[PDB]
Amino acid sequence: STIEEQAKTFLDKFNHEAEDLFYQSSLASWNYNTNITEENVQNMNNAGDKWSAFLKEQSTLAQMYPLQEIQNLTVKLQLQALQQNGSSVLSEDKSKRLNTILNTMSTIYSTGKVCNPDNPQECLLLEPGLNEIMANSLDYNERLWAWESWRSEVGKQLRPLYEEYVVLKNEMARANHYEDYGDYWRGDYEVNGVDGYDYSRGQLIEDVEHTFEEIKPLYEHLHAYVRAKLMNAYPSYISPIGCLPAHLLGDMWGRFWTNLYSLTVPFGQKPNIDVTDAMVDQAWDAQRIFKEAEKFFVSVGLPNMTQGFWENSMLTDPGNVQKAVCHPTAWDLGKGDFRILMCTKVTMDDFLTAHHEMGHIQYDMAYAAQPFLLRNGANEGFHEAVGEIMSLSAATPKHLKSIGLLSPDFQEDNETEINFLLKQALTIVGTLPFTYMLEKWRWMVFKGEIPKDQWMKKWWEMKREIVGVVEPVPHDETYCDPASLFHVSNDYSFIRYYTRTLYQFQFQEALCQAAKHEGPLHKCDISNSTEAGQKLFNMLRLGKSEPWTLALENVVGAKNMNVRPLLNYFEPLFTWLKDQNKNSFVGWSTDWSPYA
Amino acid sequence: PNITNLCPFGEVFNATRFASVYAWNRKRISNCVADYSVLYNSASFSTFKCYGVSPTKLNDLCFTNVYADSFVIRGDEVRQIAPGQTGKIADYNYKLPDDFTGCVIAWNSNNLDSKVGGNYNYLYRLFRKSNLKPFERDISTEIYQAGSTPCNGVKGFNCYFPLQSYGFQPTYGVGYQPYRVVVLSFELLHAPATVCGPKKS
Ligand SMILES: *[C@@H]1O[C@H](CO)[C@@H](O)[C@H](O)[C@H]1NC(C)=O
Ligand SMILES: *[C@@H]1O[C@H](CO)[C@@H](O)[C@H](O)[C@H]1NC(C)=O
Ligand SMILES: *[C@@H]1O[C@H](CO)[C@@H](O)[C@H](O)[C@H]1NC(C)=O
Ligand SMILES: *[C@@H]1O[C@H](CO)[C@@H](O)[C@H](O)[C@H]1NC(C)=O
Ligand SMILES: *[C@@H]1O[C@H](CO)[C@@H](O)[C@H](O)[C@H]1NC(C)=O
Ligand SMILES: *[C@@H]1O[C@H](CO)[C@@H](O)[C@H](O)[C@H]1NC(C)=O
Ligand SMILES: *[C@@H]1O[C@H](CO)[C@@H](O)[C@H](O)[C@H]1NC(C)=O
C-alpha cells in the first residue's frame, strides 16, 4: 500500500538474504585466514564478488524508494545506509582505475622490501625485519638509514599514485553530493533528524580541535620529559629547546611511543608488574586465558561465550604445515557465529589482547537482536572503545591479585603507579597528536587547502606545530612520507583512534562511577559490578539503531565527546610531570635547532 | 486387559526427513494405545511445553483423535509455537489457536538437518497478504504483491517471492540451529473416544 510498508518488505527481503550472503563471504574469509591456500583465495574472491554484486543490485533497487515519504527513523536509517552509491556513481573506466590504484598500493605496501645499497644479497621486510630494528636499536645512523631508505623507496613509489587517488576520490565524493572525501569520512558521525541530538559533519572538526586544545598541556609536559630522557640516551643529537628527531621515537612512523618505555622509565630500581613468569610457573594454557577472560565478563554481568565459540575458534598456532595470519581478530560471522582468531602466547600482551578481542565479541553479540544493516557500532569509535575499556580493567593490579596471578603481599606504592601511568601515556597520549595531525592533513588535502606542490612543506610544518617532531633532513615533493603507513595507503579512516581514545576514558569514568569505586581512576576495576555491566549493556544492545550522541547520553550522561576523563585519568602523572619539569623547558620551538 | 497395537509414534519422531514449516506434515492418529510417558521421560527433548493439559494425566485421559503436526524451524522461533504469539512463523507459516489443547515438543537437530555447504531444503513463507487462520496450510508459490503495480508473475520491483530458505549449517549459533517441532493436538468430539492410554494390570 504505502511507500513505507513497501520499504519495510524490501528491507526484509534484503535482511534475510543479506545475512546469509555475508555469512558465506565471512566463512570464506575465515577459511582463507586459518588455511592460506590458493583455492581458498579463489573461494574467498568468488564469495566477495557475489557479496559486492548483491550489494550493488540492492543499492540499485533501494534508491527507487524516496526518503521523505518514510517517517520511521530506523527504516530511514537502514535506507540511508543502503542508498549510498559508493564508487558505483563513478564511471566504469575510472572505477576500474581506482580499484587498480588501491590494489597496487596494497601490493606496494605489503611487498615493500628495502635493504642497504652495496649489500643487496638479502633484504628485510617491514614486519618483522624493520619493526625490530626500529623498536630495539640504540644507534642513531642505523635508525636514520632505515627510516630514510624506507621513506625514499615507499614515498617515491607512492607519490603519483596518491596524486591520482586524491583526484579520483574527490570526484567520487562530489558525485555523491559531498564537499570532499574528508566530508565523506566525517559523514559517519553525522546525525540528522533527532531533536537536540543532531550532529553535523562540520561540528566534528571543531570538537576535535576543542578537545586537542585541552590535550595539549599534558602532551607538552610528556614531550618535555621524553626529550630530556632521549637527551640522556643520545647525548648530542637532541636540543633542549627544539623538537624530537623523527627516527628516534621507537616505531617506524611515530604512531606509538611504547617502545621508549625502557629508555624513559622513572623508577627502574622498582619492580615491574610482569605476570608472564607466574603463568609459566602455573602452566597457563591459552584456553585458561580465555576462560579467565570469560570469568571477567560473567563477573560484570555480560553473557558468556557460546559453545560454538569454543568449538570453532583458533586460539593456538596450528603448526608448520598449515599457515595462518598471526594478527588477533574477532569475527562476527553472522547468525550467532562468533570466533576469535589469535595465535595466543603466554604473555601479558596476549592476555590483554584476549580481553580486548573478547570485548569485541561481547559487543558483536549484544546487537545480534538488531536487523542486519544496523549490526554495527553507533560510530567507528565505540567498537574499539569497548575493547579498550576491557584492556584498561584487566591490566589493573587488583584484577591480577583477584585471579591469583600476582602475589597478595605485593606492595602497591606510588612509584609503580607513576611508571605504569607513564607506560599508558606513551601508548595512549602519544598517539593523539599524531592521529589528529594526520587526519587534519588528510582533510586539508581533500579540501584543497594544500596544493600538490606544497604537501610536504605544510606537513612537516604541521608536525613541528602539533606533534613537536622535526624531520632529520628536509624532504622535497618527490617523497610521499604520510603514505608509508598502513591506514592511509589502504583507504582507511584514521579519526577512529582519536574518538576511541576519548570514548575509552569517558566509558571508564561512567562505569567506575557506576561501580562506586572510591579511589583513583586508574586503580579502578569493573569486575563484580552488575550495575556497571547493565549500564554498558544498555548501550551495547542498541548497536547502530540509535544515534551515538544518544548512546553517549545513555552511558555518561553527556551529548558530546569529552576530554576531561582522560585528564582525570592521568592526573597523578600530570602532577608528577609538572614537578619534574621545573628546571627543564616545557614546550618546543618549530625552528631547526636540533638538526636539519 | 492385555494391550497391543501401539500408536505409530516412531513414524513421527524418528522420521528420516521432516517437512518444511510452510508445508508442515499432519498425521491423524486414531484407534490405538498412546504411551506418553515414553516421550515425557526422554532426555532427548529440549521443549515439552504442554498447553491445556498436564503430562501426568495424559496417560489416564482418552481422546477421540490425535493430530501430529511436524516441521522444522529455527531455535529462536520455537517460542512462537504457542497460543497468542506473533512472528513470521505464527502469522505466515503455522498458527496455533488460543483455545489449544495439546503439547509442543521440540528438539535440536543440528546433527541431521545441517550440512557444511548449507542445507537449503527447508523453507518458510516470509510474506502473505493476511495472517493465517489456525491449522491452515498455505503451499501457494504465487508472487507477493507489495505494491499497486501487478506482478504479472515476474519477481521484479516490489514483487517478491513468498518462500525464503533457511541456510542451516553445523557451525551456527544455538538460536539459528534447526529444531524439529512436533505439535500434538488433542480434541474431544461427540464420536466415541478411541485413543486411550495404557491401563495397568
Ligand atoms: C587446510 O588446507 C589443506 C589443503 O591441502 C587441507 O588438506 C587441510 O585439510 C586444511 N585444514 C583445515 C584445518 O582446514
Ligand atoms: C519502526 O519499524 C520497526 C520494525 O522495522 C518497528 O518495530 C518500530 O516500532 C517502528 N518504529 C516506529 C516509531 O514506528
Ligand atoms: C546514486 O546514483 C544514482 C545514479 O547516478 C542517482 O540517481 C542517485 O540519486 C544516487 N544516490 C544518491 C543518494 O545521491
Ligand atoms: C554460560 O552460563 C550458563 C549459566 O551460568 C551455563 O549454563 C552455560 O553452560 C555457560 N556456557 C558455556 C558454553 O559453558
Ligand atoms: C610517594 O610516597 C612517599 C611517601 O609519602 C613520598 O615521600 C614520595 O614523595 C611520593 N612520591 C611521589 C612521586 O608521589
Ligand atoms: C569477584 O567475585 C568472586 C566470587 O565471589 C570473588 O572470588 C572475587 O574475589 C571478586 N573480585 C574481587 C576483586 O573481589
Ligand atoms: C527415536 O530415536 C531415539 C534416538 O535415536 C530412540 O531412543 C527412540 O527409541 C526412538 N523412538 C521413539 C518413539 O522415540
# chains A, B, ... in the order shown; residues from 1 in each chain; ligands from 1
call {"tool": "residues_near_ligand", "arguments": {"ligand": "ligand 2", "cutoff": "10 Å", "atoms": "only C-alpha atoms and all ligand atoms", "output": "PyMOL selection string"}}
result
chain A and resi 4-5+7-9+11-12+71-76+78+370-371
call {"tool": "residues_around", "arguments": {"residues": "segment 83-89 of chain A", "least_positions_apart": "4", "cutoff": "10 Å", "atoms": "only C-alpha atoms", "output": "PyMOL selection string"}}
result
chain A and resi 56+58-67+77-79+94-96+98-99+168-169+171-173+175-176+184
call {"tool": "write_last_selection", "arguments": {"atoms": "C-alpha atoms", "output": "PDB file, in the first residue's frame"}}
result
ATOM      1  CA  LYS A  56      25.244  -3.312  -5.993  1.00  0.00           C
ATOM      2  CA  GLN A  58      20.236  -3.913  -3.709  1.00  0.00           C
ATOM      3  CA  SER A  59      21.664  -0.391  -3.806  1.00  0.00           C
ATOM      4  CA  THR A  60      20.268  -0.088  -7.350  1.00  0.00           C
ATOM      5  CA  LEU A  61      16.890  -1.281  -6.046  1.00  0.00           C
ATOM      6  CA  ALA A  62      16.822   0.702  -2.789  1.00  0.00           C
ATOM      7  CA  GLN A  63      17.138   4.166  -4.340  1.00  0.00           C
ATOM      8  CA  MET A  64      13.708   3.862  -6.024  1.00  0.00           C
ATOM      9  CA  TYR A  65      12.076   4.474  -2.596  1.00  0.00           C
ATOM     10  CA  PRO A  66      12.207   8.222  -1.836  1.00  0.00           C
ATOM     11  CA  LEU A  67      13.381   9.153   1.633  1.00  0.00           C
ATOM     12  CA  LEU A  77      18.453   4.858   8.788  1.00  0.00           C
ATOM     13  CA  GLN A  78      18.678   1.491   7.014  1.00  0.00           C
ATOM     14  CA  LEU A  79      17.505   3.032   3.741  1.00  0.00           C
ATOM     15  CA  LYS A  94      37.502   5.466 -13.571  1.00  0.00           C
ATOM     16  CA  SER A  95      36.142   2.847 -11.148  1.00  0.00           C
ATOM     17  CA  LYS A  96      38.484   0.245 -12.647  1.00  0.00           C
ATOM     18  CA  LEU A  98      40.548   3.456  -8.767  1.00  0.00           C
ATOM     19  CA  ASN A  99      40.335  -0.254  -7.913  1.00  0.00           C
ATOM     20  CA  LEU A 168      39.535  10.150  -8.074  1.00  0.00           C
ATOM     21  CA  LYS A 169      38.202  10.101  -4.504  1.00  0.00           C
ATOM     22  CA  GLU A 171      35.472  13.101  -7.985  1.00  0.00           C
ATOM     23  CA  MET A 172      33.511  10.248  -6.381  1.00  0.00           C
ATOM     24  CA  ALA A 173      32.684  12.342  -3.313  1.00  0.00           C
ATOM     25  CA  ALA A 175      29.487  12.947  -7.407  1.00  0.00           C
ATOM     26  CA  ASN A 176      27.897  11.764  -4.136  1.00  0.00           C
ATOM     27  CA  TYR A 184      32.506  11.546   3.249  1.00  0.00           C
TER      28      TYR A 184
END
call {"tool": "atom_distance", "arguments": {"atom1": "atom CA of residue 205 of chain A", "atom2": "atom CA of residue 454 of chain A"}}
result
22.2 Å
call {"tool": "atom_distance", "arguments": {"atom1": "atom CA of residue 354 of chain A", "atom2": "atom CA of residue 264 of chain A"}}
result
27.6 Å
call {"tool": "residues_near_ligand", "arguments": {"ligand": "ligand 1", "cutoff": "12 Å", "atoms": "only C-alpha atoms and all ligand atoms", "output": "PyMOL selection string"}}
result
chain A and resi 27-28+30-41+312-314+317-324
call {"tool": "residues_around", "arguments": {"residues": "residue 163 of chain B", "least_positions_apart": "5", "cutoff": "7 Å", "atoms": "only C-alpha atoms", "output": "CSV table (one decimal) with C-alpha atoms, in the first residue's frame"}}
result
chain,number,residue,atom,x,y,z
B,123,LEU,CA,11.6,-23.0,3.5
B,124,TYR,CA,9.4,-20.6,5.4
B,125,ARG,CA,6.7,-18.3,3.9
B,126,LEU,CA,8.1,-14.9,4.5
call {"tool": "select_by_dssp", "arguments": {"residues": "segment 27-151 of chain B", "states": "strand (DSSP E or B)", "output": "VMD selection string"}}
result
chain B and resid 27 to 29 33 47 to 51 62 to 63 65 to 73 102 to 108 119 123 to 125 144 to 145
call {"tool": "residues_around", "arguments": {"residues": "residue 180 of chain B", "least_positions_apart": "3", "cutoff": "12 Å", "atoms": "only C-alpha atoms", "output": "NGL selection string"}}
result
:B and (12-21 or 24-25 or 44-47 or 69-75 or 77-78 or 81 or 104-114 or 122 or 177 or 183)
call {"tool": "residues_near_ligand", "arguments": {"ligand": "ligand 6", "cutoff": "10 Å", "atoms": "only C-alpha atoms and all ligand atoms", "output": "JSON list (two decimals) with C-alpha atoms, in the first residue's frame"}}
result
[["chain", "number", "residue", "atom", "x", "y", "z"],
["A", 295, "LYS", "CA", 35.09, -15.21, 34.05],
["A", 296, "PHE", "CA", 35.76, -11.46, 33.94],
["A", 298, "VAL", "CA", 30.45, -13.02, 33.63],
["A", 299, "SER", "CA", 31.57, -11.17, 36.77],
["A", 300, "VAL", "CA", 30.36, -7.86, 35.31],
["A", 397, "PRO", "CA", 46.81, -4.92, 39.87],
["A", 398, "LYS", "CA", 43.52, -5.58, 41.69],
["A", 399, "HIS", "CA", 42.38, -7.83, 38.83],
["A", 400, "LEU", "CA", 45.73, -9.66, 38.87],
["A", 401, "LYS", "CA", 45.52, -10.21, 42.63],
["A", 402, "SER", "CA", 41.88, -11.31, 42.33],
["A", 403, "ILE", "CA", 42.66, -14.02, 39.75],
["A", 404, "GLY", "CA", 45.76, -15.14, 41.66],
["A", 525, "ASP", "CA", 38.31, -2.39, 38.24],
["A", 526, "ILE", "CA", 34.83, -3.08, 36.87],
["A", 527, "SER", "CA", 34.67, -6.74, 37.93],
["A", 528, "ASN", "CA", 31.97, -7.91, 40.40],
["A", 529, "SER", "CA", 29.71, -4.96, 39.46]]
call {"tool": "residues_near_ligand", "arguments": {"ligand": "ligand 4", "cutoff": "7 Å", "atoms": "only C-alpha atoms and all ligand atoms", "output": "JSON list (two decimals) with C-alpha atoms, in the first residue's frame"}}
result
[["chain", "number", "residue", "atom", "x", "y", "z"],
["A", 304, "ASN", "CA", 29.17, -15.86, 28.47],
["A", 305, "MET", "CA", 30.57, -17.30, 25.25],
["A", 306, "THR", "CA", 28.63, -19.77, 23.14],
["A", 307, "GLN", "CA", 29.56, -23.42, 22.68]]
call {"tool": "interface_residues", "arguments": {"of": "chain A", "to": "chain B", "cutoff": "6 Å", "atoms": "only C-alpha atoms", "output": "PyMOL selection string"}}
result
chain A and resi 1+6+336-337
call {"tool": "write_last_selection", "arguments": {"atoms": "N, CA and C atoms", "output": "tab-separated table (two decimals), in the first residue's frame"}}
result
chain	number	residue	atom	x	y	z
A	1	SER	N	0.82	-1.20	0.00
A	1	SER	CA	0.00	0.00	0.00
A	1	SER	C	0.86	1.26	0.00
A	6	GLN	N	6.12	-0.72	1.76
A	6	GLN	CA	6.89	-1.27	0.65
A	6	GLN	C	8.37	-1.33	0.99
A	336	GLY	N	24.73	-15.83	14.78
A	336	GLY	CA	25.17	-16.31	16.07
A	336	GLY	C	26.51	-17.01	16.08
A	337	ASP	N	27.32	-16.84	15.05
A	337	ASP	CA	28.63	-17.48	14.97
A	337	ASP	C	29.68	-16.42	15.30
call {"tool": "atom_distance", "arguments": {"atom1": "atom CA of residue 193 of chain B", "atom2": "atom CA of residue 48 of chain B"}}
result
24.3 Å
call {"tool": "residues_near_ligand", "arguments": {"ligand": "ligand 5", "cutoff": "8 Å", "atoms": "only C-alpha atoms and all ligand atoms", "output": "VMD selection string"}}
result
chain A and resid 413 to 415 418 572 576
call {"tool": "write_last_selection", "arguments": {"atoms": "N, CA and C atoms", "output": "compact mmCIF listing (two decimals), in the first residue's frame"}}
result
# COMPACT_ATOMS: atom_id res chain seq x y z
N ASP A 413 52.84 0.86 45.77
CA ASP A 413 53.15 2.22 46.16
C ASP A 413 52.96 3.17 44.98
N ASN A 414 53.27 4.45 45.22
CA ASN A 414 53.02 5.48 44.22
C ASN A 414 53.97 5.41 43.03
N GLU A 415 55.19 4.90 43.23
CA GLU A 415 56.17 4.87 42.15
C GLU A 415 55.78 3.91 41.03
N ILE A 418 53.06 5.54 39.09
CA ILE A 418 53.61 6.57 38.20
C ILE A 418 54.21 5.94 36.95
N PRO A 572 47.57 12.02 38.48
CA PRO A 572 48.82 11.80 39.24
C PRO A 572 50.06 11.97 38.40
N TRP A 576 53.03 14.78 38.67
CA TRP A 576 54.42 14.33 38.74
C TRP A 576 55.27 14.92 37.62
call {"tool": "residues_around", "arguments": {"residues": "segment 56-68 of chain B", "least_positions_apart": "2", "cutoff": "10 Å", "atoms": "only C-alpha atoms", "output": "PDB file with C-alpha atoms, in the first residue's frame"}}
result
ATOM      1  CA  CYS B   7       0.224 -45.748  18.270  1.00  0.00           C
ATOM      2  CA  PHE B   9       4.963 -42.515  17.274  1.00  0.00           C
ATOM      3  CA  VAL B  12       6.553 -39.110  13.561  1.00  0.00           C
ATOM      4  CA  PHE B  13       9.508 -38.581  15.888  1.00  0.00           C
ATOM      5  CA  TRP B  24       4.022 -28.976   7.658  1.00  0.00           C
ATOM      6  CA  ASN B  25       3.050 -32.646   7.781  1.00  0.00           C
ATOM      7  CA  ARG B  26      -0.165 -33.564   9.605  1.00  0.00           C
ATOM      8  CA  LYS B  27      -0.713 -37.182  10.675  1.00  0.00           C
ATOM      9  CA  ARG B  28      -4.055 -38.208  12.172  1.00  0.00           C
ATOM     10  CA  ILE B  29      -3.577 -40.827  14.904  1.00  0.00           C
ATOM     11  CA  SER B  30      -6.617 -42.907  15.847  1.00  0.00           C
ATOM     12  CA  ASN B  31      -7.688 -46.268  17.370  1.00  0.00           C
ATOM     13  CA  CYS B  32      -4.502 -47.272  19.174  1.00  0.00           C
ATOM     14  CA  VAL B  33      -2.803 -47.006  22.561  1.00  0.00           C
ATOM     15  CA  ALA B  34      -0.786 -43.826  23.118  1.00  0.00           C
ATOM     16  CA  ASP B  35       2.018 -44.125  25.682  1.00  0.00           C
ATOM     17  CA  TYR B  36       3.009 -40.550  26.504  1.00  0.00           C
ATOM     18  CA  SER B  37       5.412 -41.424  29.338  1.00  0.00           C
ATOM     19  CA  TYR B  40       7.999 -37.287  28.766  1.00  0.00           C
ATOM     20  CA  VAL B  53      -3.342 -30.359  29.789  1.00  0.00           C
ATOM     21  CA  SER B  54      -0.635 -31.684  32.070  1.00  0.00           C
ATOM     22  CA  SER B  70       5.696 -31.989  12.195  1.00  0.00           C
ATOM     23  CA  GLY B 102      -2.072 -30.299  23.251  1.00  0.00           C
ATOM     24  CA  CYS B 103       1.683 -30.332  23.583  1.00  0.00           C
ATOM     25  CA  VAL B 104       4.538 -28.691  21.684  1.00  0.00           C
ATOM     26  CA  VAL B 181       8.978 -29.461  16.222  1.00  0.00           C
ATOM     27  CA  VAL B 182       6.114 -31.920  16.689  1.00  0.00           C
ATOM     28  CA  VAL B 183       2.824 -30.407  17.852  1.00  0.00           C
ATOM     29  CA  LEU B 184       0.236 -32.835  19.190  1.00  0.00           C
ATOM     30  CA  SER B 185      -3.356 -31.596  19.158  1.00  0.00           C
ATOM     31  CA  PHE B 186      -5.862 -33.389  21.395  1.00  0.00           C
ATOM     32  CA  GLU B 187      -9.564 -32.824  20.775  1.00  0.00           C
ATOM     33  CA  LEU B 188     -12.656 -34.486  22.193  1.00  0.00           C
ATOM     34  CA  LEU B 189     -15.575 -34.780  19.764  1.00  0.00           C
ATOM     35  CA  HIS B 190     -19.023 -36.365  20.180  1.00  0.00           C
ATOM     36  CA  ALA B 191     -17.763 -39.522  18.439  1.00  0.00           C
ATOM     37  CA  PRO B 192     -16.613 -42.344  20.776  1.00  0.00           C
ATOM     38  CA  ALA B 193     -13.119 -41.560  22.044  1.00  0.00           C
ATOM     39  CA  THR B 194     -10.749 -44.323  20.968  1.00  0.00           C
ATOM     40  CA  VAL B 195      -7.179 -43.082  21.659  1.00  0.00           C
ATOM     41  CA  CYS B 196      -6.890 -44.082  25.312  1.00  0.00           C
ATOM     42  CA  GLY B 197      -3.808 -44.567  27.433  1.00  0.00           C
ATOM     43  CA  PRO B 198      -2.485 -47.928  28.564  1.00  0.00           C
ATOM     44  CA  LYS B 199      -4.158 -49.470  31.603  1.00  0.00           C
TER      45      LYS B 199
END
call {"tool": "residues_around", "arguments": {"residues": "residue 350 of chain A", "least_positions_apart": "3", "cutoff": "12 Å", "atoms": "only C-alpha atoms", "output": "list in words"}}
result
residues 275, 276, 279, 285, 286, 289, 290, 293, 315, 316, 326, 327, 328, 342, 343, 344, 345, 346, 347, 353, 354, 355, 356, 357, 358, 391, 394 and 395 of chain A
call {"tool": "residues_around", "arguments": {"residues": "segment 135-146 of chain A", "least_positions_apart": "5", "cutoff": "7 Å", "atoms": "only C-alpha atoms", "output": "MDAnalysis selection string"}}
result
chainID A and resid 247 250:251 259
call {"tool": "select_by_dssp", "arguments": {"residues": "segment 32-126 of chain B", "states": "alpha helix (DSSP H)", "output": "PyMOL selection string"}}
result
chain B and resi 37-40+88+110-113
